[PDB]
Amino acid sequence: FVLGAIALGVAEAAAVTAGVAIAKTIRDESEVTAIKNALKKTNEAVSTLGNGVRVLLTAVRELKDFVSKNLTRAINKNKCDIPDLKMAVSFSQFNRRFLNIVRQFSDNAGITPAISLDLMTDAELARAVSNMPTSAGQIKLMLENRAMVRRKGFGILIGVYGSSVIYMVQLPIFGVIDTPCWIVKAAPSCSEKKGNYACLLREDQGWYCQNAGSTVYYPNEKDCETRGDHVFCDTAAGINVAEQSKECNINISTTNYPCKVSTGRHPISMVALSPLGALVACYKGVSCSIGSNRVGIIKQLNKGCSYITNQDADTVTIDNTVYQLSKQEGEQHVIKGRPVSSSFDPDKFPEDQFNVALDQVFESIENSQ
């Protein structure tokens, strides 16, 4: 299996399913009427829908109040070239939110990709986060970083009912914080013997996080995003994996966990940036070097896999392609060991493999012999 290909697109489909299913409940006429009732005396109300889910209800009435109580008075007998243009500028202010919401729902056919300031003001976002069914620490973190709540939510049009526009906003509940996460990066590890090559590349790169007893692997780029020490992940985008999976970082050749790799008979040079440095796979045919934003090129790198620290350098290059290192502080450690690829005989290496357990590569060599 290719875990990344299995997980791809799952979180987006699950989010839309979740939102569309609730929208189906809200779209009934007796549901809309109950909602309009609950908001008859207030601008905010908590309620439980017919299907048993609890939601926040908000009423936005400024444009109705301006139309009923100011605009309609001023237009006596269908005449609108009045000399009070305050009336005209006021309208243009009072309808901007509504007009913006219409643009966003028409452009996206009723499902926005995220939550504009017109779907939800900063004030309304703060109230919605404060009402979420989670604990105080989670709410505090979401409140103080609510732009990230915004980014990961979206909106759905329920419909137009009378002169009333009804839509729903799905806000992400970050109900688990400050459990351990870690990230694996890797680059091709190649061994050359007599101008032939045996290469492998770890295929389990990406984010891992623990939660309530399990480890979840997030194989795809869009599933997680960092802000300093914190990494925001969508649980629906991950695959639960055995805790034994951490052995691939320990004894990848010995372990009995199925550490996924790809293989090749020809080297690939490239740079895998890591949070505190870079891996540079430098093989025959290219030149690699590391540089400083201050003192220029430092040093050319030897062939093979080299690990560069963001305190050792500011840039690493392959030929002319420049990669800028991060400036994040943290401790770097080398865990020495003979590269697994150098235990291969390039003359007995299998055909190129994509996303196979590493022990099936060793099996392939011995069953060929």
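Residue indices: 1-based, along the sequence shown.
The stretch with the higher mean CA B factor, choosing between 89 to 97 and 168 to 176, is 89 to 97. Averaged over their C-alpha atoms, the temperature factors of 205 to 213 and 250 to 258 are higher for 250 to 258.
When the modelled residues of the chain are ordered by C-alpha B-factor, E329 sits in the highest third.
In the deposited entry, the Cα temperature factor of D234 sits in the bottom third of values across the chain's modelled residues. In this PDB entry, the Cα temperature factor of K77 sits in the top third of its chain's modelled residues, the highest group. Among all modelled residues in this chain, the alpha-carbon of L200 has a temperature factor (C-alpha) in the middle third.
Among the modelled residues of its chain, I365 has a C-alpha B-factor that falls in the highest third according to the deposited record.
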